[PDB]
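Colleague: experimental coordinates for this protein are included below, preceded by the sequence.
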Amino acid sequence: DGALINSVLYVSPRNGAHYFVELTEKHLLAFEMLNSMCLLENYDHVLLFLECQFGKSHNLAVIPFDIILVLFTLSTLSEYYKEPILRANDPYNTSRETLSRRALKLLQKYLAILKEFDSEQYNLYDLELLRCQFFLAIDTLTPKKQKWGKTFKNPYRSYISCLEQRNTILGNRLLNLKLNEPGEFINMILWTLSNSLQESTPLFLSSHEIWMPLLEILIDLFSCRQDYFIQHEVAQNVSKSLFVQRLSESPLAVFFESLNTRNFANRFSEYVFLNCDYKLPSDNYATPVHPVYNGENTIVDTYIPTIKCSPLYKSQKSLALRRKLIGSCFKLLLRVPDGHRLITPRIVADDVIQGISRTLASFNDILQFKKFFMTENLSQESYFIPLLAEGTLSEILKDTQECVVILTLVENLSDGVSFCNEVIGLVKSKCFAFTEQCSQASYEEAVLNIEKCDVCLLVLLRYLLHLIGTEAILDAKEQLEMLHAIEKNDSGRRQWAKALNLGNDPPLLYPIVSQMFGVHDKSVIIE
Amino acid sequence: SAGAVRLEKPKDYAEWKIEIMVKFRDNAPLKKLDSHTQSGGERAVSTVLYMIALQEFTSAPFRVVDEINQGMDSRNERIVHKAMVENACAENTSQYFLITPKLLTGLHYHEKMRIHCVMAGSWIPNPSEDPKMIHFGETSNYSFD
Amino acid sequence: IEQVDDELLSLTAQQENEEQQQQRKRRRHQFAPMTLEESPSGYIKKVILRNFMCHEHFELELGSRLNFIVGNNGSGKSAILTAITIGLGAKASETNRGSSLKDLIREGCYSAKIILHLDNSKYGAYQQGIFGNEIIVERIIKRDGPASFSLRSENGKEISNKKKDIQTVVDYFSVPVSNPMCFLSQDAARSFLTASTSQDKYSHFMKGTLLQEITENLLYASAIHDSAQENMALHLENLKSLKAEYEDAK
Amino acid sequence: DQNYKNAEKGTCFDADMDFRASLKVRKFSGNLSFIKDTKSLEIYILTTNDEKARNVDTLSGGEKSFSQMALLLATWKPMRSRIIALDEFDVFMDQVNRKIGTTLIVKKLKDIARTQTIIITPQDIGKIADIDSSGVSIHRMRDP
Amino acid sequence: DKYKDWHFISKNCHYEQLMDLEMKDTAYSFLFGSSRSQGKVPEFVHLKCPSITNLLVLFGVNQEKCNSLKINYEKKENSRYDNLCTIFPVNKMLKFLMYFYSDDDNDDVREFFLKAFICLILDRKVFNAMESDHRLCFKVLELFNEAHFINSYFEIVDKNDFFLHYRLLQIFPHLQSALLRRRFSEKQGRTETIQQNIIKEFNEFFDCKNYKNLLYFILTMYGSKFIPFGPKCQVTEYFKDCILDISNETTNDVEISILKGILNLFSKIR
């Protein structure tokens, strides 16, 4: 794909790592200086060294993997519960920023630099060395075997690492050491996902400021490592049996091995949407969550929380993180050959799709459903979002209507005419239309199901427009008939609206389709 | 590991409380039993041993445990199996109906206790038609007396 | 304890004096742009020691960067280092060379002369216009009468005969004569190189870098602060008792 | 306290960097650790044979003497001194290690022009092959 | 002066109105990335906040500050204690401000928008709460000319206020050389070179004993072509010589020791 996964010109493959890159004299001197400054606990000078030459020169300063781990540990030292320790470490805050914030900003900026390889902006050797350092950090961040609830290796022999003699930065254990525990990585994921929507100020501060960004960085780095593993670690041509074994050893396979539980589908669906609006089905057992670093749930008296975030902002961030986790899971699942299944992780794509569809259909709040199904970039999440939308629509039709119409819209995305014909067939069956069986007492629940079904159809229509564009909306009679059928469905909803059961107008997708590809309600408002 | 069930007695009689010492994990400090901080297998072994300790004092003829013999990391389960074998070594002890939903490799079988298998095979004749197949997981029945 | 208050007041006065001295100092470098490879000025081009210790008048032209004197032991080998330390200005006890300054003079001679030629032709010179390209420091040690000093220039005009000027020139040239580690004697080198315990290495490093004295001063000030805080708490209790007695008097 | 901490960190960083640069001559990788709790300086050196940085005490006499010489240079470096004078050091190192220490001193002190170094040693430097390098002045007294 | 800093927002934000704007922004007919044209979805934003000043008031900026978008050094507005006023998330505020870009408009509106953005980004609370990736900030910076942005920033803040210069360089490092070209311009520096102007500024700060401003000036200057990292550079050697001259290590300001350490670190960098 990109230059990030296909640049092996300066690499020196070794038994431990295939991405290993040798250090030059200038890089060796920089590594030694950073390690020496880290040894004296002068983190402020380390951050100044990294920031002073960032973006001001053609050459790139490569952060060593041990320094990357030190920055990851610093990111956990948030001001709200560690203000006295940070003030003691740096009495004169020359930067006027928290050490945790500066470390997180540097990590995010370096991740952004790593994501796109600009050969013109930066020399290829520096980019490859940075990729090697990040991959070494990810390899040191390998999760331990899941628990329901070897110290340090330096590949470079040129310099002595600072982490060899120390396991803690400022009273907090190193992130790699903390995560390399049987019950910590899954615990951390559950803690951040639970605290993402928490109203409590300490819990909200713990995730929003610390765990949410670190988890996003880890997911992106694991995705890049998975791409590198698939591109080079594999043997290319294969008998389709060894490839499954190699995929079982892939970094994403180890990442999701710590979340295998007993049944991956149901437990994973509960974990990703933990503490969401959906009602918990089958009285699932509560999942224990504890703070990772001492008192993450406590706020020091010195710190004063002066920041308020709206519930929509928190929901948007939480659903984006959930989408990233589901996308990583589907990216790992899509590589599995048809028929064969992974040995180490008991993961099935159909089971995950069904579990996510069950969780989405159980949502009682439309806002979270829309946040999950609305994405800024369709191409980035094109591989799993249409499948989830189709599954949710199928389940909604199954519960609302006694007759379950098989949906082939995902394969019909290739041909617009087939998609429009299938939509006409579904609306003719009245499964898409409001169901007369639903009682007036439960009208609000029926409207809640209908709006979610409309959201799923809108997502599928957006993907169809992304795949085919706007070329035969009126030229082909099938699309015009589909728009007429949408108008007929709108008239069916208007029949219940004229029934005057409730003042609120039933949700109509006709304006949204008109904005997207309805050409201004056809002839209704073209004038 | 070293542990004791201690009863802390403050000046107020109602303030008396029970403390359990935990040493199975070096990282985990001595603290009250809780699911969140400790691993599931170690906690299950600790609670099972606590229940076993209050058996001789109790007058109950037998104690029944369900979903306990199921594997817990194959290490905590193995050590709890060794503890149950040591308890079974003593005479006049209660009978436990262990449940093993997941098979564990290299299970230790004591001479005093006998394994029972209910699994049926396609080659094996129907239990009702076969006179000797009515008994499942029993070997003493075949031998006389 | 009033003595603790007196110590606190004396320390506050000393800190005020030190801050006034800090405010008095000014930058002494004019940043002439000029052009690195060339050595800066202030190095000793030549040393002549007349009637000093064992040897007679001897001329030694030292190198700009690195010097290796191959004088054999027992032939006044340490005489050059002692003469340089005395000429640049150092405490007699710090040098630990000779029982007294009188013994440094050659036997049978009442006076000894030590002359050093610091270089000022290159950049970083101290008052190059007044002192010229070279600064000559001459020290005269006599059995009778105080030791004499002359800061003569190349022409032999004696710019000054006081000790403060020598200290100012040395400070401008950044020569830590007060630090014993910069000029290592045989005993000091033996003590430093033979150190085995990590604590000994740490102590030697801290003493050499002049950080041990700063730590001792900070510890003494911290102890004085703690004693002053305890006395301040006792005085606050006494003032509250006096205030209660005065309220009764009111 | 803030000034002392900044000065100590700067001095320790300079000493550590100078020590790491000095140890590169013998193809070694070394570092210094200052511990306030033990009030001690620990030197960790990794040679070509071992894969783990062992304590400096767990080394041979020649390696320890070289480490001591490198520490002396690394302690001289932080304090910028126009003139540095040192007496003989031949008695503290024997045979090869003495030559290696002399070579380290020449290499580390000939490059810097800010500092003028006067070394007084009885051993004839002319015998040493490393005299061709520029910036080194040998003043041999004709009269023994 | 950690607790004394410029605060653009001095009042509690209107939480309900901002939440309503966020709800309207999240779901709308287009549901697509907002283009610079087509009015920036004005159908609801004009009904809620017709003008950018109303949006700034919703953010918590007082009307008097909105009327004059400048930092008053005489009133010590640049050094003020934190007001502990609740603020909306930075991303939502940046999106709302971007909704008022109006590229197809007169220069005055664009200048006002740029000055408001510069004041908002320089705020201590916004800087502390700003996300690690400045995607919206980079987009806003790309919208305007770099020279125009630097001219507007220098109009808003004092030329000698290097603390804000260092903060801006932390937000936008790539503008550093351009900022220097505005501070030490060759044409405005007469025949003297930019390096000579830097030396003169260092000397004047050294004589004035403005150690905090000198430290921020040193942090701002290093990393550019004029003052690059390296042991052989004469400028760093001169700076270290001056710092060693003033430093006594007995009764000295912390800034002198911090400057000595930073200069040593920069000298060691190759």
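Modeller: Yes, it's here. Numbers count the residues shown, from 1 in each chain, chains lettered A, B, ... in the order given.
Colleague: distance check, residue E:235 against chain B.
Modeller: Distance from residue E:235 to chain B, counting by Cβ to the nearest Cβ, to the nearest Å: 52 Å. Just so you know, the C-beta spots here come from the backbone N, C-alpha and C atoms, and that holds for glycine as well.
Colleague: give me the number of residues near that residue?
Modeller: As a burial measure, residue E:235 scores 18 neighbours (other Cβ atoms under 10 Å in any protein chain shown).
Colleague: and it, how far from residue C:12?
Modeller: According to Cβ to Cβ, to the nearest Å, residue E:235 and residue C:12 sit 39 Å apart.
Colleague: for the helix or strand hosting residue E:117, packing partners?
Modeller: Assigned by DSSP states H and E, residue E:117 belongs to helix E:107-122. In this structure, helix E:107-122 makes packing contacts with helix E:52-59, helix E:90-98, helix E:146-156, helix E:162-171, judged by 3 or more Cβ pairs under 8 Å, 6 or more residues apart in numbering or on different chains; DSSP states H and E.
Colleague: tell me what angle the last one forms with helix E:107-122.
Modeller: What that stands for is helix E:162-171. Between helix E:162-171 and helix E:107-122, the angle comes out at 90 degrees (axes from the mean of the first three to the mean of the last three Cα atoms, to 10 degrees).
Colleague: is chain A contacted by helix E:162-171?
Modeller: Yes: applying Cβ under 8 Å from any Cβ of the partner chain, one finds helix E:162-171 in contact with chain A at E:167, E:170.
Colleague: after that helix, which helix or strand is next?
Modeller: The first helix or strand that comes after helix E:162-171 along the chain, using DSSP H and E, is helix E:176-183.
Colleague: what angle separates that following helix from helix E:162-171?
Modeller: Per the same axes, to 10 degrees, the angle that helix E:176-183 makes with helix E:162-171 is 150 degrees.
Colleague: in helix E:176-183, what counts as buried?
Modeller: E:176, E:179, E:180, E:181, E:182, E:183 (16 or more other Cβ atoms under 10 Å in any protein chain shown).
Colleague: run a quick neighbour tally on the residue in chain C positioned nearest to chain D.
Modeller: Closest approach of chain C to chain D (Cβ to the nearest Cβ) occurs at residue C:63, with a separation of 2.9 Å. Other residues near residue C:63 come to 20 when the count uses other Cβ under 10 Å.
Colleague: pick out the residue of chain B closest to chain E.
Modeller: Residue nearest to chain E within chain B (Cβ to the nearest Cβ): residue B:36, separated by 30.6 Å.
Colleague: how far away is the closest residue in space to that residue that isn't next to it in sequence from chain D?
Modeller: Once flanking residues are discounted, residue B:36 sits nearest to residue A:288: 3.8 Å by Cβ to Cβ, 6 or more residues apart in numbering or on different chains. Here residue A:288 is placed at a distance of 36 Å from chain D (Cβ to the nearest Cβ).
Colleague: residue A:288 and residue A:186, how far apart?
Modeller: For residue A:288, the distance to residue A:186 - Cβ to Cβ - is 10 Å.
Colleague: what does residue A:330 give?
Modeller: 19 Å.
Colleague: which of these two has more neighbours?
Modeller: residue A:186 (22 against 19).
Colleague: and whatever helix or strand the more buried one lives in, C-alpha only, in PDB?
Modeller: Assessed by DSSP H and E, residue A:186 sits inside helix A:185-196. The C-alpha trace of helix A:185-196 is given here as PDB (Å, rounded to 0.1, in the frame of the first residue of the first chain):
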ATOM      1  CA  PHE A 185      -4.600  -4.700  29.400                       C
ATOM      2  CA  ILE A 186      -8.300  -5.800  29.200                       C
ATOM      3  CA  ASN A 187      -8.900  -4.100  32.500                       C
ATOM      4  CA  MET A 188      -7.400  -0.800  31.000                       C
ATOM      5  CA  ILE A 189      -9.700  -1.100  27.900                       C
ATOM      6  CA  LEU A 190     -12.800  -1.800  30.100                       C
ATOM      7  CA  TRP A 191     -11.800   1.100  32.400                       C
ATOM      8  CA  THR A 192     -11.400   3.600  29.600                       C
ATOM      9  CA  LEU A 193     -14.600   2.400  27.800                       C
ATOM     10  CA  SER A 194     -16.600   2.600  31.100                       C
ATOM     11  CA  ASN A 195     -15.200   6.000  32.100                       C
ATOM     12  CA  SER A 196     -15.700   7.500  28.500                       C
END
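Colleague: does chain E sit close to that helix?
Modeller: No: counting by Cβ under 8 Å from any Cβ, chain E is not contacted by helix A:185-196; separation bottoms out at 13.9 Å.
Colleague: other residues contacting that helix?
Modeller: Contact with helix A:185-196 is made by A:143-144, A:146, A:149, A:179, A:203-204, A:206-208, A:211-212, A:215, A:258-259, A:271-272, A:274-275, A:287-292, A:296, A:314, A:317-318, A:321-322, A:325, as judged by Cβ atoms under 8 Å, 6 or more residues apart in numbering or on different chains.
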